[PDB]
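[1] Experimental structure and sequence below, a few questions after.
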Amino acid sequence: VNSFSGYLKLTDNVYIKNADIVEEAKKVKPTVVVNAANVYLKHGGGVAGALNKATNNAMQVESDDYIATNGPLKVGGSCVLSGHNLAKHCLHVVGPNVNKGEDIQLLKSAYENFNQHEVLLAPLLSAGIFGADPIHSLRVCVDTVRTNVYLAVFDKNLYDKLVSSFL
Ligand SMILES: Cc1c[nH]c2ncnc(NCC3(O)CCCC3)c12
Ligand SMILES: [Cl-]
């Protein structure tokens, strides 16, 4: 039993809800919130820009130190950093950004990072400003993640189409 509430169940292990991931994380304070990161951990917009804003830029400060030490992530890769006031940990996951010409096949590799965590709050990887089809992203999520994932979809109109088209 967990404190995730109001989710529609899609599979044994995948759940979904129309919700602002920022407001969800503050309410639940999950063990892991997933960020839709880029390789530079520059949290300028999208889910990443919103989460960082909610941390009063502490996420960005921590991220800049991480990059200065370790260099950029790989597309499809991840790192675990602090969750600040939103969660215990933030799993920064880099899905391919179609608006940069990045290979969409790397989306499966990106979702594989979720399997290292028993329970996560997460957005659809490569959706929104990363330019991929959110329906496809949901399919890859369901077919790749085996741990318990609570997907937050910000757009109510997008949320309804995702549910209404799920096979
Ligand atoms: C930008 C943002 C703020 N809070 C959020 N919570 C969950 N998802 C998000 N953006 C990913 C989308 O696919 C959902 C609708 C268009 C992009 C956000
Ligand atoms: Cl977005």
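    Done, it's in. Numbering: from 1, shown residues only. Ligands and ions are numbered 1, 2, ... in the order given.

[2] for residue 130, what are its contacts?
    When contacts are counted by C-beta atoms under 8 Å, 6 or more residues apart in numbering, residue 130 is found next to 36, 46, 95-99. Backbone N, C-alpha and C define where each C-beta goes, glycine included.

[3] nearest to residue 83, of the residues you listed?
    Nearest to residue 83 out of those is residue 36 (C-beta to C-beta; 14.8 Å).

[4] So what's the residue count around that closest one?
    By other C-beta atoms under 10 Å, 28 other residues sit near residue 36.

[5] residue contacts, the residue of the chain found nearest ligand 1?
    Using C-beta to the nearest ligand atom, residue 128 is the residue of the chain that sits closest to ligand 1, at 2.5 Å. Shown in contact with residue 128 (C-beta under 8 Å, 6+ apart): 36, 46-47, 134, 154.

[6] Over to the closest residue to ligand 2 within the chain: give its phi and psi.
    Closest residue of the chain to ligand 2, C-beta to the ion: residue 128 (2.0 Å). Backbone torsions of residue 128, given as degrees, to the nearest 10, read phi 60, psi -130.

[7] From residue 71, how far out is it?
    For residue 128, the distance to residue 71 equals 26 Å [C-beta to C-beta, to the nearest Å].

[8] next one: residue 134
    30 Å.

[9] Mind checking which of those two has more residues around it?
    Counted by other C-beta under 10 Å, residue 134 and residue 71 do not tie: residue 134 has more neighbours, with 21 against 9.

[10] Enumerate every residue touching the residue nearest to that one when sequence neighbours are not counted.
    Nearest residue to residue 134, sequence neighbours excluded (C-beta to C-beta, 6 or more residues apart in numbering): residue 127, at 4.1 Å. By C-beta under 8 Å, 6+ apart, the contact set of residue 127 is 36, 134, 137, 158.

[11] Between the two ends of stretch 5-21, how far is it?
    One end of stretch 5-21 to the other measures 13 Å (C-alpha to C-alpha, to the nearest Å).

[12] Next, the buried residues of that stretch.
    7, 10, 14-19, 21 (16 or more other C-beta atoms under 10 Å).
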